[PDB]
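Single-structure report; data block below.
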Amino acid sequence: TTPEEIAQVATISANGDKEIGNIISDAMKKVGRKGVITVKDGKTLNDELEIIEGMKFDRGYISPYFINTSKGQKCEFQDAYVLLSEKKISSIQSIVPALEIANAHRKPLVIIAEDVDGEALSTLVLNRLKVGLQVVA
Amino acid sequence: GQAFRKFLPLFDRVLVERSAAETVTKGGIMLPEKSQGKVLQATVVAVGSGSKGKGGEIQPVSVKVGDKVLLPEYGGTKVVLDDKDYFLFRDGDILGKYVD
Amino acid sequence: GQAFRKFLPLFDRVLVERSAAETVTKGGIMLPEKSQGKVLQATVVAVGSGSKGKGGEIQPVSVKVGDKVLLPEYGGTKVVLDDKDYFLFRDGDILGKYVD
Amino acid sequence: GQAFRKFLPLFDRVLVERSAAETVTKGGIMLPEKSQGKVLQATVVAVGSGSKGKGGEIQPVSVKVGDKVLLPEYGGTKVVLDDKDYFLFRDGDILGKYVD
């Protein structure tokens, strides 16, 4: 019934290590007692807990030129439009109207797709570099 | 026939200048220059004398100088006049002209 | 000849627009849009002046503006007028027209 | 030209209805429908105005409406009128008609 019992169970099961029990109690407090907790290696001396919030997936951007924040080599937008598709965006005509809405409403656009072929990618990079369109594939 | 920049086509051949390729959309999205292809809209800058399909008289060309026309995707010959590109077609190869 | 949307086809070419593809059946079953193909029923929106198969006079086109026609499966040229699709055929390529 | 179910073919095209494929022999053996092929016997249900092989006059079609004809293996076009199949041929493509 209490997180103290959770910490005690995780401490006993980890051969008396109180820090492992405390970190498991913190993880179960953050993501829930039925949440997803994954153990992996660390490059530091001490154990650490990282809480990943929202929808984070293992895919980076397609084009390196989309970086608008070079402080950490990342693309950063606030209040952005999202265009989602399971088909690879290749043609010009399949990418112009979404850019038209994103330019008319003056909002960033994140295009999550299976892939982006050379024609649509060249259009996106040319609009990002030349006129300064806030887009990321 | 009518000669344009010291060049007059022979028979029913028509020399046209292709229209400028569209670089921006109506909303303001830039287009890459490699994906434009060839412009099918042209303006007639030179006409020939005409063919001889019927004996006796010589048939004039249907189009005239200064007529906007629609080109087929094939059938053009590149002519370099004053280091500028022009296209030679036939009179029958022209699809249709824009009247106003 | 007759001009549609500031476009007049040349010689015996005929500009038509295809009829709308069927989306539901007569009983109410929806059809997918990817399996419709091309509509063979069109209406004539523009006609040319005509060809010169015989010497002297010029032959008018068989069809006129406002005639529903049946198109062949091959032999059309796509023309974009006002960002709308139209098809250019020849006068002899038209199979037959619907008389009412 | 003669029209059939609000359809009139153009030039020298002839619209015919193929005869019913046989399924029972003269002795009483039923035949499979898949191994029947296409029926080469048809009846003329629509004719066009005719072609312009000679200048001036217009040439009537050789066949008329209500004539039984023999079709070649190829050269026909499928036309769906009232969800029923008809075949468009040329005037010269018809092999011969059955007189009585």
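Numbering starts fresh at 1 for the residues of each chain in the structure tokens, the chains themselves are lettered A, B, ... in the order given, and ligands are numbered from 1 as they appear.
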
Set out as a tab-separated table a contact list for chain C and chain B with a cut-off of 12 Å, giving each residue of chain C that qualifies its closest atom pair and distance in Å to one decimal, counting only C-alpha atoms, ordered by chain and rising residue number.
residue	atom	partner	partner_atom	distance
C:1	CA	B:96	CA	11.0
C:2	CA	B:99	CA	10.2
C:3	CA	B:99	CA	7.4
C:4	CA	B:99	CA	9.4
C:5	CA	B:98	CA	8.7
C:6	CA	B:99	CA	5.3
C:7	CA	B:98	CA	4.5
C:8	CA	B:96	CA	5.6
C:9	CA	B:96	CA	4.0
C:10	CA	B:96	CA	4.7
C:11	CA	B:92	CA	7.6
C:12	CA	B:95	CA	9.9
C:13	CA	B:95	CA	7.6
C:14	CA	B:96	CA	9.9
C:15	CA	B:96	CA	9.7
C:46	CA	B:96	CA	10.6
C:47	CA	B:96	CA	10.3
C:48	CA	B:96	CA	8.4
C:49	CA	B:62	CA	10.1
C:50	CA	B:62	CA	11.3
C:51	CA	B:92	CA	10.0
C:52	CA	B:53	CA	9.0
C:53	CA	B:53	CA	9.5
C:54	CA	B:54	CA	8.7
C:55	CA	B:54	CA	6.2
C:56	CA	B:54	CA	8.5
C:57	CA	B:54	CA	11.5
C:76	CA	B:95	CA	11.6
C:77	CA	B:72	CA	8.6
C:78	CA	B:72	CA	10.0
C:79	CA	B:70	CA	8.8
C:80	CA	B:40	CA	10.3
C:81	CA	B:98	CA	10.7
C:87	CA	B:95	CA	11.2
C:88	CA	B:95	CA	8.2
C:89	CA	B:95	CA	9.9
C:90	CA	B:95	CA	10.4

Next, dump the selected residues to file, keeping only C-alpha atoms, as a PDB file, in the first residue's frame.
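Final output, saved to selection36.pdb:
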ATOM      1  CA  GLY C   1     -13.283  26.668 -83.987  1.00  0.00           C
ATOM      2  CA  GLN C   2     -14.529  27.226 -80.440  1.00  0.00           C
ATOM      3  CA  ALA C   3     -12.332  28.394 -77.563  1.00  0.00           C
ATOM      4  CA  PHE C   4     -12.783  27.130 -73.995  1.00  0.00           C
ATOM      5  CA  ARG C   5     -11.094  28.894 -71.045  1.00  0.00           C
ATOM      6  CA  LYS C   6      -9.000  30.989 -73.472  1.00  0.00           C
ATOM      7  CA  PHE C   7      -7.755  27.846 -75.242  1.00  0.00           C
ATOM      8  CA  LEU C   8      -8.479  27.037 -78.892  1.00  0.00           C
ATOM      9  CA  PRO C   9      -7.194  23.705 -80.266  1.00  0.00           C
ATOM     10  CA  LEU C  10      -5.575  23.729 -83.694  1.00  0.00           C
ATOM     11  CA  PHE C  11      -6.511  21.690 -86.806  1.00  0.00           C
ATOM     12  CA  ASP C  12      -8.946  18.819 -86.031  1.00  0.00           C
ATOM     13  CA  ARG C  13      -8.084  18.460 -82.337  1.00  0.00           C
ATOM     14  CA  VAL C  14     -10.980  18.285 -79.875  1.00  0.00           C
ATOM     15  CA  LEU C  15     -10.707  19.279 -76.207  1.00  0.00           C
ATOM     16  CA  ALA C  46     -13.662  22.946 -77.399  1.00  0.00           C
ATOM     17  CA  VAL C  47     -13.292  22.165 -81.103  1.00  0.00           C
ATOM     18  CA  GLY C  48     -10.659  23.141 -83.646  1.00  0.00           C
ATOM     19  CA  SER C  49     -10.946  24.611 -87.116  1.00  0.00           C
ATOM     20  CA  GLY C  50     -10.498  21.260 -88.867  1.00  0.00           C
ATOM     21  CA  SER C  51      -8.092  19.426 -91.131  1.00  0.00           C
ATOM     22  CA  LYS C  52      -7.295  19.840 -94.841  1.00  0.00           C
ATOM     23  CA  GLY C  53      -7.659  16.287 -96.140  1.00  0.00           C
ATOM     24  CA  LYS C  54      -9.120  17.557 -99.423  1.00  0.00           C
ATOM     25  CA  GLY C  55      -7.736  20.493-101.369  1.00  0.00           C
ATOM     26  CA  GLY C  56      -9.461  23.853-101.354  1.00  0.00           C
ATOM     27  CA  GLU C  57     -12.008  24.027 -98.551  1.00  0.00           C
ATOM     28  CA  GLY C  76      -5.328  11.637 -75.141  1.00  0.00           C
ATOM     29  CA  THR C  77      -3.141  14.595 -74.184  1.00  0.00           C
ATOM     30  CA  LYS C  78      -3.484  16.126 -70.719  1.00  0.00           C
ATOM     31  CA  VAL C  79      -4.033  19.905 -70.717  1.00  0.00           C
ATOM     32  CA  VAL C  80      -4.154  21.850 -67.446  1.00  0.00           C
ATOM     33  CA  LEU C  81      -6.528  24.827 -67.663  1.00  0.00           C
ATOM     34  CA  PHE C  87      -8.021  15.962 -72.616  1.00  0.00           C
ATOM     35  CA  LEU C  88      -7.056  16.663 -76.226  1.00  0.00           C
ATOM     36  CA  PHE C  89      -8.011  14.016 -78.793  1.00  0.00           C
ATOM     37  CA  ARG C  90      -8.261  13.908 -82.567  1.00  0.00           C
TER      38      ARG C  90
END

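Interatomic distance, atom CA of residue 82 of chain C against atom CA of residue 88 of chain A: 28.8 Å.
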
Contact residues (chain B, partner chain A, 8 Å, only C-alpha atoms) as a PDB file with C-alpha atoms, in the first residue's frame:
ATOM      1  CA  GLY B  27       1.171  30.924 -51.407  1.00  0.00           C
ATOM      2  CA  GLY B  28       4.915  31.503 -51.428  1.00  0.00           C
ATOM      3  CA  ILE B  29       6.698  28.133 -51.358  1.00  0.00           C
ATOM      4  CA  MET B  30       9.925  28.020 -53.358  1.00  0.00           C
ATOM      5  CA  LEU B  31      10.352  25.242 -55.921  1.00  0.00           C
ATOM      6  CA  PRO B  32      13.640  23.480 -56.718  1.00  0.00           C
ATOM      7  CA  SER B  35      12.215  19.331 -60.691  1.00  0.00           C
TER       8      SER B  35
END

Checklist line | Surrounding residues of residue 89 of chain A excluding itself and chain neighbours under 4 positions, 10 Å, only C-alpha atoms, as an MDAnalysis selection string | finding: chainID A and resid 85 93:95 111:121

Could you save those same residues with C-alpha atoms as a compact mmCIF listing (two decimals), in the first residue's frame?
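This went into again.txt:
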# COMPACT_ATOMS: atom_id res chain seq x y z
CA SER A 85 1.90 9.52 -42.99
CA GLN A 93 2.60 17.82 -55.17
CA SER A 94 2.40 15.57 -52.10
CA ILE A 95 4.36 18.11 -50.03
CA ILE A 111 6.68 15.72 -41.18
CA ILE A 112 6.68 12.21 -39.69
CA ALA A 113 6.80 9.79 -42.62
CA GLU A 114 8.13 6.37 -43.58
CA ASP A 115 10.77 8.14 -45.70
CA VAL A 116 11.34 11.32 -47.69
CA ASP A 117 12.74 10.92 -51.20
CA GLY A 118 15.17 13.27 -52.90
CA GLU A 119 12.64 15.59 -54.55
CA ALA A 120 10.60 16.39 -51.43
CA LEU A 121 13.76 16.54 -49.31

Residues within 12 Å of residue 34 of chain C, please, as an mmCIF file with N, CA, C and O atoms, in the first residue's frame. Count only C-alpha atoms; anything in the same chain fewer than 6 positions from it doesn't count.
data_model
loop_
_atom_site.group_PDB
_atom_site.id
_atom_site.type_symbol
_atom_site.label_atom_id
_atom_site.label_comp_id
_atom_site.auth_asym_id
_atom_site.auth_seq_id
_atom_site.Cartn_x
_atom_site.Cartn_y
_atom_site.Cartn_z
ATOM 1 N N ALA C 21 -16.146 10.219 -62.077
ATOM 2 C CA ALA C 21 -16.105 8.787 -61.824
ATOM 3 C C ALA C 21 -17.172 8.388 -60.811
ATOM 4 O O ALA C 21 -17.516 9.149 -59.902
ATOM 5 N N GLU C 22 -17.701 7.181 -60.984
ATOM 6 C CA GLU C 22 -18.748 6.686 -60.101
ATOM 7 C C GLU C 22 -18.163 6.330 -58.740
ATOM 8 O O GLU C 22 -17.199 5.565 -58.647
ATOM 9 N N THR C 23 -18.750 6.886 -57.681
ATOM 10 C CA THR C 23 -18.278 6.660 -56.322
ATOM 11 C C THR C 23 -19.133 5.684 -55.533
ATOM 12 O O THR C 23 -18.611 5.003 -54.648
#

Margin query: Neighbouring residues of residue 38 of chain A were defined as those with any atom within 12 Å, considering only C-alpha atoms; residues of the same chain fewer than 2 positions away were excluded. Please report them as a list in words.
Written below: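 Non-adjacent residues within range: residues 24, 27, 28, 31, 35, 36, 40, 41, 48, 49, 50, 51 and 52 of chain A.
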
Residues from last step as file, N, CA, C and O atoms, as an mmCIF file, in the first residue's frame:
data_model
loop_
_atom_site.group_PDB
_atom_site.id
_atom_site.type_symbol
_atom_site.label_atom_id
_atom_site.label_comp_id
_atom_site.auth_asym_id
_atom_site.auth_seq_id
_atom_site.Cartn_x
_atom_site.Cartn_y
_atom_site.Cartn_z
ATOM 1 N N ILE A 24 14.346 2.551 -7.554
ATOM 2 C CA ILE A 24 13.190 1.833 -8.081
ATOM 3 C C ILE A 24 11.898 2.425 -7.527
ATOM 4 O O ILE A 24 10.890 2.526 -8.239
ATOM 5 N N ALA A 27 11.331 5.543 -9.574
ATOM 6 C CA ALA A 27 10.833 5.188 -10.900
ATOM 7 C C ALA A 27 9.364 4.782 -10.853
ATOM 8 O O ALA A 27 8.575 5.177 -11.721
ATOM 9 N N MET A 28 8.974 4.008 -9.837
ATOM 10 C CA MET A 28 7.580 3.596 -9.708
ATOM 11 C C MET A 28 6.686 4.751 -9.273
ATOM 12 O O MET A 28 5.481 4.731 -9.540
ATOM 13 N N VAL A 31 6.624 6.856 -13.124
ATOM 14 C CA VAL A 31 5.938 6.253 -14.265
ATOM 15 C C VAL A 31 4.811 5.318 -13.851
ATOM 16 O O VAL A 31 4.108 4.790 -14.723
ATOM 17 N N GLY A 35 4.174 0.764 -14.768
ATOM 18 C CA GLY A 35 4.815 1.415 -15.888
ATOM 19 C C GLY A 35 5.988 0.625 -16.436
ATOM 20 O O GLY A 35 6.345 -0.448 -15.953
ATOM 21 N N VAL A 36 6.599 1.184 -17.476
ATOM 22 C CA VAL A 36 7.721 0.548 -18.156
ATOM 23 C C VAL A 36 9.022 1.093 -17.581
ATOM 24 O O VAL A 36 9.295 2.295 -17.671
ATOM 25 N N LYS A 40 19.670 -0.700 -18.124
ATOM 26 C CA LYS A 40 20.757 -0.764 -19.091
ATOM 27 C C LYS A 40 22.054 -0.340 -18.411
ATOM 28 O O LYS A 40 22.071 0.050 -17.240
ATOM 29 N N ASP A 41 23.149 -0.422 -19.166
ATOM 30 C CA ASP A 41 24.468 -0.094 -18.651
ATOM 31 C C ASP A 41 24.612 1.414 -18.459
ATOM 32 O O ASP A 41 23.830 2.218 -18.974
ATOM 33 N N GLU A 48 21.875 5.958 -12.299
ATOM 34 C CA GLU A 48 21.031 7.118 -12.549
ATOM 35 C C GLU A 48 19.688 6.682 -13.115
ATOM 36 O O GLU A 48 19.561 5.614 -13.718
ATOM 37 N N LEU A 49 18.679 7.520 -12.892
ATOM 38 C CA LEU A 49 17.323 7.290 -13.373
ATOM 39 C C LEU A 49 16.953 8.403 -14.341
ATOM 40 O O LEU A 49 17.039 9.585 -13.992
ATOM 41 N N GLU A 50 16.542 8.028 -15.549
ATOM 42 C CA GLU A 50 16.111 8.980 -16.565
ATOM 43 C C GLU A 50 14.647 8.722 -16.886
ATOM 44 O O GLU A 50 14.275 7.601 -17.245
ATOM 45 N N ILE A 51 13.822 9.754 -16.763
ATOM 46 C CA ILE A 51 12.398 9.657 -17.054
ATOM 47 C C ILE A 51 12.153 10.274 -18.422
ATOM 48 O O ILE A 51 12.376 11.474 -18.620
ATOM 49 N N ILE A 52 11.695 9.459 -19.367
ATOM 50 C CA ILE A 52 11.377 9.920 -20.712
ATOM 51 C C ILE A 52 9.874 10.146 -20.779
ATOM 52 O O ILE A 52 9.086 9.207 -20.612
#

Applying 7 Å and only C-alpha atoms, which residues near residue 45 of chain C remain after dropping the ones on its own chain fewer than 2 positions away? List them as a PDB file with N, CA and C atoms, in the first residue's frame.
ATOM      1  N   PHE C   4     -12.330  27.386 -75.357  1.00  0.00           N
ATOM      2  CA  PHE C   4     -12.783  27.130 -73.995  1.00  0.00           C
ATOM      3  C   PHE C   4     -11.678  27.519 -73.025  1.00  0.00           C
ATOM      4  N   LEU C  15     -10.948  19.239 -77.642  1.00  0.00           N
ATOM      5  CA  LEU C  15     -10.707  19.279 -76.207  1.00  0.00           C
ATOM      6  C   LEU C  15     -11.994  18.910 -75.484  1.00  0.00           C
ATOM      7  N   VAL C  16     -11.913  17.894 -74.624  1.00  0.00           N
ATOM      8  CA  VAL C  16     -13.045  17.393 -73.861  1.00  0.00           C
ATOM      9  C   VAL C  16     -12.674  17.401 -72.383  1.00  0.00           C
ATOM     10  N   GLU C  17     -13.688  17.225 -71.540  1.00  0.00           N
ATOM     11  CA  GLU C  17     -13.492  16.994 -70.116  1.00  0.00           C
ATOM     12  C   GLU C  17     -14.182  15.691 -69.737  1.00  0.00           C
ATOM     13  N   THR C  43     -17.480  15.096 -72.387  1.00  0.00           N
ATOM     14  CA  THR C  43     -18.271  16.080 -73.111  1.00  0.00           C
ATOM     15  C   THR C  43     -17.332  17.061 -73.800  1.00  0.00           C
ATOM     16  N   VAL C  65     -19.504  21.684 -79.783  1.00  0.00           N
ATOM     17  CA  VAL C  65     -19.389  21.977 -78.359  1.00  0.00           C
ATOM     18  C   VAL C  65     -20.687  21.595 -77.660  1.00  0.00           C
ATOM     19  N   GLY C  66     -20.568  20.847 -76.565  1.00  0.00           N
ATOM     20  CA  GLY C  66     -21.728  20.371 -75.844  1.00  0.00           C
ATOM     21  C   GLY C  66     -22.193  18.985 -76.224  1.00  0.00           C
TER      22      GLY C  66
END
